[PDB]
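Taking the form deposited in one PDB entry, here's one chain by itself in structure tokens.
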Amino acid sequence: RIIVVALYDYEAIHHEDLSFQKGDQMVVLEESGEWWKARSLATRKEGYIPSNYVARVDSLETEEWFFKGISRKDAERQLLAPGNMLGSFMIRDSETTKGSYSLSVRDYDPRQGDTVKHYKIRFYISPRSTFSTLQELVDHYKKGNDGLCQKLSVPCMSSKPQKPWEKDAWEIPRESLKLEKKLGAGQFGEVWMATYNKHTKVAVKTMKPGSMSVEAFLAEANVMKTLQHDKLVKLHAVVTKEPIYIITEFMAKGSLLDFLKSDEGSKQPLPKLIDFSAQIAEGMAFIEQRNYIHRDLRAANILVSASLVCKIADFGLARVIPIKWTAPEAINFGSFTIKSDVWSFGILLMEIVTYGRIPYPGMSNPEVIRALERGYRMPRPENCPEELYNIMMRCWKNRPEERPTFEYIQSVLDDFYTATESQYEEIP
């Protein structure tokens, strides 16, 4: 008899899912992935619940201040998000000391402004004050800072997680959709804001029948669906009948290119723009570690959510179906590799730092190609640190093997303002 408890309120929207309130307990009947069959102890109804909305009873996940499976950089991002203040905090799984926990606290440094400090929890942080439960640790630090940079106030604001997609609804009838608004149109099809079965806002890409094969196209979509990651747009479903429709999550702020050029985008200071680049590097490191290639990396194929999370779009599409973002080897010989993506990434970094200015402004494709062969590279723009420019330059090496890895770029971008020795605080 396995009893789970609700972390968030949920409102049913399908045929057989269950509504529940935060605090409601349920008995688990089947653990079938994204959706579990359960019986609500409150309503006595049997049905499907999102497995990410619940936790085992008495689990640390049930605590308002506990955040499971979250990295150091993820914790900084969640803590600096709108809704928090001095002393906002989380306990989380330690990223580097497997099996242990870490404490992250919102602080303010006179020079840098809002920062997040990290403390290893050993429970105790400092030998002087020992605690039996994590709850006890937390309770102490809320009334006076016993050597912490800032005393604990309220736990980090938790967002309600995205509903998983309907169960066993990877291939859907066209009838399930209403395409309400055309957002974009081009060579290979259109993108539409849409609703799936009344309840869910989605984005739909429509494909023009092409050189492509209907069956060959679906095999790629079918693999891409399995290559899931927090920094890759979520693939939800496909309509298999021509013309093929691809259904993804809807990204409220559209593309990064349009976002950067908007009034809101032009208000993002440099540290924010570096954080975007670091999110994109993290998606490309995942693609690199899996041994794939994107092949069409630029700001037009990055999407931004309402909370300013950046995600890579069209991973998969360019492998099925812009010379200013392309490495010279790939232009010259069609050698697309992860190294030619690293080149494109350098260009995208410059796009980000110049708020979506076109690369090589006032030069044509032919001029760019001839210039590059000469050793020309775009110069450092005005609001760009020297060290960010040196990253770009490493991305733009003529020899692809001399270009950094995404794993390495990601690590440099994530901690761009933080000395290594300083990732964790030290209290004797």
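One-based numbering along the sequence shown. What we label the rigid core is the largest C-alpha set whose atoms superpose within 1.5 Å from one form to the other.
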Deposited residues lacking coordinates between residue 321 and residue 322 (none, 1 to 3, 4 to 9, 10 or more): 10 or more
Between neighbours residue 123 and residue 122, residues that the deposited sequence lists but the model omits: 4 to 9
Of 276 to 284 and 82 to 90, the stretch whose C-alpha atoms average the higher B-factor in the entry: 82 to 90
Output the stretch having the higher mean C-alpha B factor in the entry; the candidates are 209 to 217 and 311 to 319. 209 to 217
Per the coordinate record, which of the options 150, 301, 200, 340 holds the highest CA temperature factor? 150
Just to confirm, going by the entry's C-alpha B-factors, which of 190, 95, 180, 249 comes out highest? 95
Relative C-alpha B-factor of residue 128, binned into the chain's lowest, middle or highest third: highest
Sort the modelled residues of this chain by their C-alpha B factor and say whether residue 362 lands in the lowest, middle or highest third. highest
Would you please rank residue 243 by its C-alpha temperature factor against the other modelled residues of its chain and give the third it falls in: lowest, middle or highest? middle
Lowest, middle or highest third: where is residue 68 by C-alpha B factor in its chain? highest
Of the three thirds of its chain by CA temperature factor, lowest, middle or highest, which one includes residue 4? lowest
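Below, we turn to the form deposited in another entry, even though it does not appear here.
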Shifts of 2 Å or more at the CA atom, core superposed, between this form and the one not shown: which of the listed residues 212, 179, 202, 138 is the one? 212
Core superposition between this form and the one not shown, C-alpha change of residue 41 at least 2 Å: yes
The CA atoms of residue 72 and residue 420 move 3 Å or more in the other form, ending up farther
Direction of Cα pair change residue 157-residue 42 in the other form, magnitude 3 angstroms or more: farther
